[PDB]
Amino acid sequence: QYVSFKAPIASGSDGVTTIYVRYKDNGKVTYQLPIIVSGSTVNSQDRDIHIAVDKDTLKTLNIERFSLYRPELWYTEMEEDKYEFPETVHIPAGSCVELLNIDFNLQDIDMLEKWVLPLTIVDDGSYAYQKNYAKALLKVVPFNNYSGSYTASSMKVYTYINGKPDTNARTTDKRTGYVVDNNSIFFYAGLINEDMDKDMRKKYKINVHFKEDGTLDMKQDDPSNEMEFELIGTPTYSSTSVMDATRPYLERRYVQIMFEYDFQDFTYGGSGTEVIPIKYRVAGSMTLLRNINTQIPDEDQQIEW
């Protein structure tokens, strides 16, 4: 008999399982990860299963998938102050499933990092035991009603040429809005590469807060505003929902944000080099879609990621 974890979905291309947790009140939220005892026979042993954080597996993955020369793409071990779970789970004889309640404290989580909580089963509760251990690499993705991958086809980015925005504009197909708290997220300015050197990419964060009246606050995260961020006008948002025609139960929820700002990219030359800043005017809208199975009433479970 083999004891293992069962996340809601299969692990991705490299071995990481993405889990979605809602940022709620002061950001404390619980995630329940099933521990399963698989076998042809009925589990006939009382099993005290031991779980431990596995520093090493994560490092190995990073090297294998991204190499030593691309640390900017590496996963980062979740901080000890951000989670708790019991070291031992008890599965009585006659049972074969029990839940590992992982309790997260997401307050002030910095989603610049791709956080991963690596869990390994260091003892499956069976007699003797000393071969090959069950693992779970949880990529924890907090979310609120305003986070995820925004379609960005209507966002235009103009280069300042001779002190005025050029007539030609660049665009990309999507931008990621990361959670800050229950009703705030952040994006990286303009078309800044979301996988760029971390020390520099953090400098281009734009915090966005959704207000009750349908207006956004948008402000650079960097207190010294090195990117010279400058909001133009008053940014706006709208939330709308319709049912799909084909899947009558499917609710499609749209959050569209409208904005216009200036900023400068001053890190395009690489780390530790001072370069002439390239100023950009960013203008248009982005829209986030959220697909919901109405047949399910629970607000978290109903989302189809």
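Residue indices: 1-based, along the sequence shown.
Unmodelled deposited residues between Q130 and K131, binned: According to the record, 4 to 9 deposited residues lack coordinates from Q130 to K131.
Segment of higher mean CA temperature factor, 146-154 or 119-127: Going by the record's values, the stretch with the higher mean is 119-127.
Given 164-172 and 181-189, the range whose Cα B-factors average higher in the PDB entry: Taking the mean C-alpha B-factor of 164-172 and of 181-189, the larger value falls to 164-172.
Residue selected from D81, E226, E194, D110 by maximal Cα B factor: When the deposited C-alpha B-factors of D81, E226, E194, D110 are compared, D81 is largest.
Candidate set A283, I9, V21, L288 [ranked by C-alpha B-factor, highest]: Out of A283, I9, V21, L288, the record gives the largest C-alpha B-factor to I9.
Record-listed C-alpha B factor of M200: chain third: It belongs to the middle third of the chain when residues are ordered by C-alpha B-factor.
Third of the chain, ranked by Cα B-factor, where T17 sits: For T17, whose C-alpha B-factor we compare with every modelled residue in the chain, the answer is the lowest third.
Third of the chain, ranked by Cα B-factor, where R247 sits: Ranked within chain, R247 CA B lands in the highest tercile.
Relative C-alpha B-factor of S95, binned into the chain's lowest, middle or highest third: According to the entry, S95 has a C-alpha B-factor in the chain's middle third.
Ranked against its chain, the third holding the CA B-factor of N26: Top third by C-alpha B-factor.
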